[PDB]
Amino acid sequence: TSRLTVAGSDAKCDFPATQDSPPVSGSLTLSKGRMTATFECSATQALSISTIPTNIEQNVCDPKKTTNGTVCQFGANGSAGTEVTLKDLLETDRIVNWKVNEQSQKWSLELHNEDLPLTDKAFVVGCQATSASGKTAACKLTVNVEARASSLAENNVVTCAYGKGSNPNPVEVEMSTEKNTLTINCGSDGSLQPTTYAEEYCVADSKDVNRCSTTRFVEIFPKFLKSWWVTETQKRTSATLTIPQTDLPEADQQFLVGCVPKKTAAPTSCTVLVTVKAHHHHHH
C-alpha cells in the first residue's frame, strides 16, 4: 500500500495491500517565487524504504534519458529514465542537490535564481517500500522546473530564455550616449537572431524575433562598421554591440534582435526591442 499527498511544493509518500500496484504518481512545479520543494517518505516499522534514484542527494531521474547510464527502476517492471545530476539536467553552473533533513526521511531541494534553466525541465524522484521474495509499493514524484524569464540586467546585458513562460513580451532596452552597449546572451540553448546580426537587424515593426525581416544596420546608423559587434569566439551564442559614443544617430531609431531556440522545453523565442535614443542623457 502506497499513498502520495501534495500541497503546494511539498509531497509526502506514506506506506498490507490487497494486491500489488503501480507507483502512486503526482507532480509539483518549481519556479520564481516557489523555489523550494520538500519530499518525505514514511513507513510502518516492518518496511524498509529506499529512494529512486538510490542516492537522491546526488542524483535525480531524467525520464527523457532512456538510452543511458544507470536506469531508474520502479517495482520489477517500471522505469523513469536515467540518473542525472541536477546541475546537468538544469544545465547550470552551481552544484544543486536534494538535501536530507537532519534532526520517516525527508529531503529539501532549494533552487536559487541562478539555478533556473533556460528551458523548461522535469525530473523524477520516488520512494519504494519493500515488505519482508518481498513485495514493493512506490510513489513517483515528477518535479517540473519552469525556465527563468528572459531579462535585462545592468549595463544592458540581456539573458534570453526559451521556456513556455519565459517570453510574455519583448525585452525592451534603451541605448543612448551613456548606455552605448548591448550584450545578448543566448546560452547554449539558443542562437542569435538574425544569423547576420553583425551587419543586419530585424525590422522592429513585427515586435517578434520569430518574424524577422532583415535590414542593414548602416540604414539607421550611417557610421556603422561590422567591428561594432564582437562575438564571444569560443561562444558564438553571446555578442556585444558597442556604438561609439559620437556615432549615435541624430534621430531615435529602433531595431530588433534576439535569440531563437537552437536549430536542433524550448517553445518560445527571446525578442529584444532596442530603442536608440538620440540626444538623451539617461542619468542627467
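Quick note: we count residues from 1 along the sequence shown, nothing fancier.
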Look at the stretch from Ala76 to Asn77 and count the residues of the deposited sequence that the entry does not model, then pick none, 1 to 3, 4 to 9, or 10 or more. none
Scan the PDB entry between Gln103 and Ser104 and report the missing deposited residues as one of none, 1 to 3, 4 to 9, 10 or more. 4 to 9
Avg C-alpha B-factor, entry values, 89-97 vs 204-212, higher side is 89-97
Which wins on mean Cα temperature factor, 67-75 or 162-170? 67-75
Residue set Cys259, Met35, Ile49, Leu241, per-entry CA B-factor max assigned to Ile49
Would you mind checking which of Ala11, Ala17, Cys270, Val274 has the top Cα temperature factor in the PDB entry? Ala17
Would you mind checking where the Cα B-factor of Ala43 ranks among the modelled residues of its chain, as the lowest, middle or highest third? highest
For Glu199, the third of its chain into which the C-alpha B factor falls: lowest
Would you please rank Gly126 by its C-alpha temperature factor against the other modelled residues of its chain and give the third it falls in: lowest, middle or highest? middle
Tell me, lowest, middle or highest third: where does the Cα B factor of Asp252 rank within its chain? lowest
How does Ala80 rank on Cα B-factor within its chain, lowest, middle or highest third? highest
